[PDB]
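K.L.:
Next comes final-v1.txt, compact mmCIF, C-alpha atoms:
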```txt
# COMPACT_ATOMS: atom_id res chain seq x y z
CA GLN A 7 77.32 107.07 91.72
CA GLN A 8 80.96 107.37 90.67
CA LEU A 9 82.98 109.63 92.98
CA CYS A 10 86.36 110.53 91.48
CA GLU A 11 86.79 114.12 92.58
CA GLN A 12 88.85 114.83 95.68
CA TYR A 13 85.75 115.08 97.89
CA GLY A 14 83.00 113.59 95.77
CA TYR A 15 80.15 112.73 98.09
CA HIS A 16 76.94 110.70 98.07
CA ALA A 17 74.25 110.02 100.67
CA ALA A 18 71.16 107.82 100.59
CA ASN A 19 69.04 105.80 103.02
CA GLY A 20 71.01 106.81 106.12
CA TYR A 21 74.55 106.23 104.77
CA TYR A 22 77.03 108.63 103.21
CA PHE A 23 80.14 108.10 101.07
CA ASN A 24 83.15 110.32 100.46
CA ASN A 25 86.08 109.74 98.10
CA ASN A 26 88.08 111.79 100.62
CA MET A 27 91.39 112.26 98.78
CA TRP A 28 92.59 114.63 101.52
CA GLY A 29 96.25 113.64 101.22
CA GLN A 30 96.45 113.81 97.42
CA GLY A 31 99.05 116.60 97.64
CA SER A 32 101.64 114.34 99.30
CA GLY A 33 101.97 112.09 96.25
CA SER A 34 100.47 111.37 92.87
CA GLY A 35 97.78 109.07 91.55
CA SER A 36 94.03 108.79 91.01
CA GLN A 37 91.05 107.31 92.83
CA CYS A 38 87.36 106.70 92.21
CA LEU A 39 84.76 105.56 94.77
CA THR A 40 81.78 103.75 93.22
CA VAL A 41 78.60 103.15 95.22
CA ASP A 42 77.19 99.72 94.42
CA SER A 43 74.26 99.71 96.85
CA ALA A 44 72.97 102.03 99.58
CA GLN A 45 70.02 100.70 101.59
CA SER A 46 68.78 101.11 105.14
CA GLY A 47 69.99 97.57 105.81
CA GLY A 48 73.52 98.27 104.61
CA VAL A 49 75.77 99.47 101.82
CA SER A 50 78.02 98.08 99.13
CA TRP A 51 80.73 100.00 97.31
CA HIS A 52 84.29 99.83 96.00
CA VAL A 53 87.16 102.24 95.39
CA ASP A 54 89.85 101.90 92.69
CA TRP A 55 93.16 103.68 93.25
CA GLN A 56 96.78 104.00 92.20
CA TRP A 57 99.13 106.01 94.43
CA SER A 58 102.83 106.91 94.46
CA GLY A 59 105.16 109.09 96.50
CA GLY A 60 104.94 110.13 100.14
CA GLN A 61 105.86 106.63 101.29
CA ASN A 62 104.50 107.06 104.83
CA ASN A 63 101.78 109.64 104.05
CA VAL A 64 98.12 108.69 103.79
CA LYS A 65 96.80 109.83 100.41
CA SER A 66 93.09 109.40 101.18
CA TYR A 67 90.54 107.75 103.45
CA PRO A 68 87.59 106.83 101.19
CA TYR A 69 84.79 105.64 103.42
CA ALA A 70 81.14 104.99 103.93
CA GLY A 71 79.59 106.35 107.10
CA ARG A 72 76.42 105.85 109.06
CA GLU A 73 74.46 109.09 109.35
CA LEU A 74 74.29 110.10 113.01
CA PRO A 75 71.54 112.74 113.44
CA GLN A 76 72.11 112.86 117.21
CA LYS A 77 75.61 112.87 118.70
CA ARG A 78 75.08 110.67 121.73
CA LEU A 79 77.03 110.45 124.95
CA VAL A 80 78.95 107.18 124.92
CA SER A 81 77.55 106.34 128.36
CA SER A 82 74.04 106.63 126.83
CA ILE A 83 74.73 104.23 123.94
CA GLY A 84 73.39 100.72 124.48
CA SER A 85 75.28 99.18 121.56
CA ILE A 86 76.96 99.91 118.24
CA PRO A 87 76.22 96.79 116.15
CA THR A 88 78.31 96.75 113.01
CA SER A 89 79.12 94.33 110.19
CA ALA A 90 81.81 94.60 107.49
CA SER A 91 82.86 92.38 104.57
CA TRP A 92 85.68 93.49 102.27
CA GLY A 93 88.45 92.33 99.96
CA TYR A 94 91.55 93.85 98.39
CA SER A 95 93.24 93.19 95.06
CA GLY A 96 96.10 94.84 93.19
CA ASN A 97 99.88 94.93 93.34
CA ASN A 98 102.27 96.39 95.91
CA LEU A 99 99.48 97.31 98.30
CA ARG A 100 100.49 99.52 101.22
CA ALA A 101 97.18 100.42 102.85
CA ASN A 102 95.02 99.71 105.85
CA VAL A 103 91.36 98.80 106.26
CA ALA A 104 89.78 100.43 109.28
CA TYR A 105 86.75 101.53 111.20
CA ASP A 106 87.03 105.18 112.15
CA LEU A 107 85.08 106.79 115.02
CA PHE A 108 85.39 110.23 116.59
CA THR A 109 84.08 111.63 119.86
CA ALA A 110 84.19 115.07 121.44
CA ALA A 111 82.79 116.68 124.56
CA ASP A 112 81.84 120.05 123.05
CA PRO A 113 80.13 120.41 119.66
CA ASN A 114 82.41 123.41 118.98
CA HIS A 115 85.63 121.43 119.35
CA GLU A 116 88.00 123.95 117.85
CA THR A 117 91.53 122.80 117.05
CA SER A 118 90.75 119.19 116.08
CA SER A 119 88.18 116.77 114.62
CA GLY A 120 87.37 115.27 118.02
CA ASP A 121 88.67 114.77 121.53
CA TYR A 122 89.16 111.08 120.77
CA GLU A 123 89.56 108.92 117.70
CA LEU A 124 88.96 105.22 117.81
CA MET A 125 90.16 103.06 114.92
CA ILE A 126 89.83 99.31 114.41
CA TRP A 127 92.19 98.02 111.73
CA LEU A 128 90.81 94.92 110.05
CA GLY A 129 93.54 95.19 107.42
CA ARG A 130 97.20 96.21 107.48
CA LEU A 131 98.88 95.73 104.09
CA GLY A 132 102.62 96.30 103.72
CA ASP A 133 104.79 98.19 106.18
CA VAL A 134 102.25 100.81 107.29
CA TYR A 135 101.96 102.21 110.81
CA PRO A 136 99.18 103.59 113.01
CA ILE A 137 99.80 106.70 115.05
CA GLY A 138 101.30 106.38 118.50
CA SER A 139 103.05 103.43 120.03
CA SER A 140 102.11 99.87 120.83
CA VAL A 141 100.92 99.25 124.38
CA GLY A 142 100.65 95.51 123.81
CA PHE A 143 97.94 93.00 122.96
CA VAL A 144 94.38 93.11 124.32
CA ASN A 145 91.28 90.95 123.89
CA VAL A 146 88.08 92.83 122.99
CA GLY A 147 84.86 91.34 121.61
CA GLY A 148 86.10 87.86 120.78
CA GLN A 149 89.32 88.99 119.06
CA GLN A 150 92.90 89.80 119.99
CA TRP A 151 94.21 93.20 118.90
CA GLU A 152 97.43 95.14 119.14
CA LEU A 153 96.42 98.42 120.77
CA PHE A 154 98.16 101.62 119.75
CA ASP A 155 97.94 104.80 121.80
CA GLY A 156 99.01 108.21 120.57
CA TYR A 157 98.13 111.77 119.69
CA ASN A 158 97.45 113.37 116.30
CA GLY A 159 97.58 117.01 117.27
CA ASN A 160 95.07 117.57 120.05
CA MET A 161 93.27 114.28 119.36
CA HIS A 162 93.88 111.18 121.50
CA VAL A 163 93.93 108.25 119.02
CA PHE A 164 93.31 104.62 120.03
CA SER A 165 93.91 102.05 117.27
CA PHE A 166 92.96 98.39 117.74
CA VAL A 167 94.91 96.51 115.04
CA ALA A 168 94.15 92.92 114.05
CA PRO A 169 97.31 90.74 113.92
CA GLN A 170 96.02 89.09 110.73
CA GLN A 171 93.55 90.51 108.26
CA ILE A 172 89.86 89.95 109.07
CA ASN A 173 87.81 90.02 105.86
CA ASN A 174 84.40 89.40 107.48
CA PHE A 175 83.77 91.18 110.78
CA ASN A 176 80.83 91.43 113.20
CA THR A 177 81.03 93.23 116.51
CA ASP A 178 79.41 95.70 118.90
CA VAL A 179 81.71 98.73 118.91
CA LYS A 180 80.47 99.84 122.34
CA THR A 181 82.60 96.99 123.75
CA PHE A 182 85.70 98.76 122.46
CA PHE A 183 84.39 101.91 124.13
CA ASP A 184 83.84 99.91 127.32
CA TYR A 185 87.42 98.64 127.19
CA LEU A 186 88.67 102.22 126.84
CA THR A 187 86.68 103.66 129.76
CA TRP A 188 87.46 100.76 132.10
CA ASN A 189 91.20 100.65 131.33
CA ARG A 190 92.42 103.77 129.49
CA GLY A 191 90.50 106.55 131.23
CA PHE A 192 88.03 107.32 128.44
CA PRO A 193 85.36 109.65 129.95
CA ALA A 194 82.18 107.93 128.75
CA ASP A 195 79.71 110.47 130.17
CA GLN A 196 81.46 113.47 128.59
CA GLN A 197 82.22 112.30 125.04
CA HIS A 198 79.56 112.41 122.31
CA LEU A 199 79.95 109.99 119.40
CA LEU A 200 80.27 112.17 116.29
CA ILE A 201 81.13 109.71 113.50
CA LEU A 202 80.95 106.02 112.57
CA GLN A 203 82.87 105.34 109.33
CA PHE A 204 84.51 102.43 107.53
CA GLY A 205 86.98 102.34 104.66
CA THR A 206 90.62 102.18 103.61
CA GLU A 207 93.67 104.41 103.97
CA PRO A 208 95.95 103.92 100.94
CA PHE A 209 99.62 104.83 101.10
CA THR A 210 101.13 103.45 97.86
CA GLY A 211 100.55 100.74 95.28
CA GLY A 212 97.98 99.81 92.68
CA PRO A 213 96.08 99.72 90.32
CA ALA A 214 94.08 98.43 93.27
CA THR A 215 90.48 97.85 94.26
CA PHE A 216 89.14 97.86 97.80
CA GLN A 217 85.81 96.05 97.59
CA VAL A 218 83.19 96.43 100.33
CA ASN A 219 80.79 93.51 99.93
CA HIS A 220 78.72 94.79 102.85
CA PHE A 221 78.91 97.42 105.55
CA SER A 222 76.29 98.22 108.15
CA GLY A 223 76.30 99.99 111.47
CA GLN A 224 73.91 101.50 113.99
CA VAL A 225 74.18 103.54 117.17
CA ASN A 226 71.44 102.33 119.51
```
In structure tokens, how does this file's structure come out?
P.N.:
Amino acid sequence: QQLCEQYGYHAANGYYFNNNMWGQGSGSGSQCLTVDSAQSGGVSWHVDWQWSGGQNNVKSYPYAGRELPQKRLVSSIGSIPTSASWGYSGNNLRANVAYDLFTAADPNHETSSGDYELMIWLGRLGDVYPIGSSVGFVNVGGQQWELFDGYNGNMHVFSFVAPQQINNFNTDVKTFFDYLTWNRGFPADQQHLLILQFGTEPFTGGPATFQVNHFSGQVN
């Protein structure tokens, strides 16, 4: 499946993919997401892109996501085992590589995509910035991260950013949720987990390829 249109979309075997060129209007370029494998044990895919303009504007967030038929209360989730293997190539890369999760208390959350957004940046290429401000370094699930805290509209956004790129990553994402409820006031018995996604936010550069050798994730 080759997904070049702005919102070309594929789903199979419990995973979905979206080219997700939502910011294409803030610059110029092209992008195609190709699905290499989509199985119940995990997915494989890559996206090719070239992007220019809008120096500090995200052009897209191509991703694969785990299908979540029930939106579970974080306090009800035993674990979120996930595994990711990726690589980047191309010139002048300004992009990140990140897990993206969203939670909300009501299903009809009106003015935003979720009460909370939780990102985990495995990659940070070039001078690119998460939302909010640094609150320092924290240790979660066997790794040290720079935690960013901020708001994107109504949404409270927590970004755990790896100080050097992590190309092969295994964790339980519930431990990041635990960190947030023990230390940053996250209300675990009110927020339902809406989304578990993984991909790349390009800003500028290319011709580039973000290669996902393997992604898997579950909400248990």
K.L.:
Do a neighbour search on region 48-58 of chain A at 7 Å with all atoms listed in the file, toss out local chain neighbours closer than 4 positions, and write the hits as number ranges by chain.
P.N.:
A: 33-44, 209-222
K.L.:
Kindly save the residues from that selection, with C-alpha atoms included, as a PDB file, in the coordinates of the input.
P.N.:
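Output file again06.pdb follows:
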```
ATOM      1  CA  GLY A  33     101.970 112.090  96.250  1.00  0.00           C
ATOM      2  CA  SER A  34     100.470 111.370  92.870  1.00  0.00           C
ATOM      3  CA  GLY A  35      97.780 109.070  91.550  1.00  0.00           C
ATOM      4  CA  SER A  36      94.030 108.790  91.010  1.00  0.00           C
ATOM      5  CA  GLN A  37      91.050 107.310  92.830  1.00  0.00           C
ATOM      6  CA  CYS A  38      87.360 106.700  92.210  1.00  0.00           C
ATOM      7  CA  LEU A  39      84.760 105.560  94.770  1.00  0.00           C
ATOM      8  CA  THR A  40      81.780 103.750  93.220  1.00  0.00           C
ATOM      9  CA  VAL A  41      78.600 103.150  95.220  1.00  0.00           C
ATOM     10  CA  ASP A  42      77.190  99.720  94.420  1.00  0.00           C
ATOM     11  CA  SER A  43      74.260  99.710  96.850  1.00  0.00           C
ATOM     12  CA  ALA A  44      72.970 102.030  99.580  1.00  0.00           C
ATOM     13  CA  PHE A 209      99.620 104.830 101.100  1.00  0.00           C
ATOM     14  CA  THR A 210     101.130 103.450  97.860  1.00  0.00           C
ATOM     15  CA  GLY A 211     100.550 100.740  95.280  1.00  0.00           C
ATOM     16  CA  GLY A 212      97.980  99.810  92.680  1.00  0.00           C
ATOM     17  CA  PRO A 213      96.080  99.720  90.320  1.00  0.00           C
ATOM     18  CA  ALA A 214      94.080  98.430  93.270  1.00  0.00           C
ATOM     19  CA  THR A 215      90.480  97.850  94.260  1.00  0.00           C
ATOM     20  CA  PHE A 216      89.140  97.860  97.800  1.00  0.00           C
ATOM     21  CA  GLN A 217      85.810  96.050  97.590  1.00  0.00           C
ATOM     22  CA  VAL A 218      83.190  96.430 100.330  1.00  0.00           C
ATOM     23  CA  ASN A 219      80.790  93.510  99.930  1.00  0.00           C
ATOM     24  CA  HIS A 220      78.720  94.790 102.850  1.00  0.00           C
ATOM     25  CA  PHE A 221      78.910  97.420 105.550  1.00  0.00           C
ATOM     26  CA  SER A 222      76.290  98.220 108.150  1.00  0.00           C
TER      27      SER A 222
END
```
K.L.:
With distances taken over only C-alpha atoms, which residue among A:28, A:108, A:69, A:166 lies nearest residue 127 (chain A)?
P.N.:
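The answer is A:166, which sits nearest to residue 127 (chain A).
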K.L.:
Hey, can you check how far CA of residue 104 (chain A) sits from CA of residue 32 (chain A)?
P.N.:
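For CA of residue 104 (chain A) relative to CA of residue 32 (chain A), the distance reads 20.8 Å.
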K.L.:
Between CA of residue 131 (chain A) and CA of residue 153 (chain A), what is the distance, to one decimal in Å?
P.N.:
17.1 Å
K.L.:
What is the distance between CA of residue 106 (chain A) and CA of residue 177 (chain A), in Å to one decimal?
P.N.:
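These two atoms are separated by 14.1 Å.
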K.L.:
Residues near residue 139 (chain A), anyone? I mean within 9 Å using all atoms listed in the file, not counting same-chain ones fewer than 5 positions away, as a list in words.
P.N.:
residues 153, 154, 155 and 156 of chain A
K.L.:
Would you put the residues from that selection into a file with C-alpha atoms, as a tab-separated table (two decimals), in the frame of the given file?
P.N.:
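What landed in result09.tsv:
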```
chain	number	residue	atom	x	y	z
A	153	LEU	CA	96.42	98.42	120.77
A	154	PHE	CA	98.16	101.62	119.75
A	155	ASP	CA	97.94	104.80	121.80
A	156	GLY	CA	99.01	108.21	120.57
```
K.L.:
Which residue, A:135, A:92, A:151, A:67, has the smallest gap to residue 174 (chain A) when you use only C-alpha atoms?
P.N.:
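Distance minimum relative to residue 174 (chain A) lands on A:92.
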K.L.:
Under the rule that all atoms listed in the file are counted, which of A:203, A:97, A:62, A:160 is the nearest residue to residue 125 (chain A)?
P.N.:
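Nearest to residue 125 (chain A): A:203.
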K.L.:
Show which residues sit within 8 Å of residue 124 (chain A), as a list in words. Count all atoms listed in the file, and ignore same-chain residues fewer than 2 positions away.
P.N.:
residues 105, 106, 107, 108, 122, 126, 163, 164, 165 and 166 of chain A
K.L.:
Considering all atoms listed in the file, can you say which of A:141, A:89, A:172, A:110 comes closest to residue 190 (chain A)?
P.N.:
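Counting all atoms listed in the file, the residue closest to residue 190 (chain A) is A:141.
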K.L.:
So which one's closest to residue 223 (chain A), A:149, A:176, A:82, A:196? Using only C-alpha atoms, please.
P.N.:
A:176
K.L.:
Identify the residues around (98.8, 97.7, 100.2) within a radius of 6 Å, measuring from only C-alpha atoms in the coordinates stated by the file, and give them as a PyMOL selection string.
P.N.:
chain A and resi 98-101+131-132
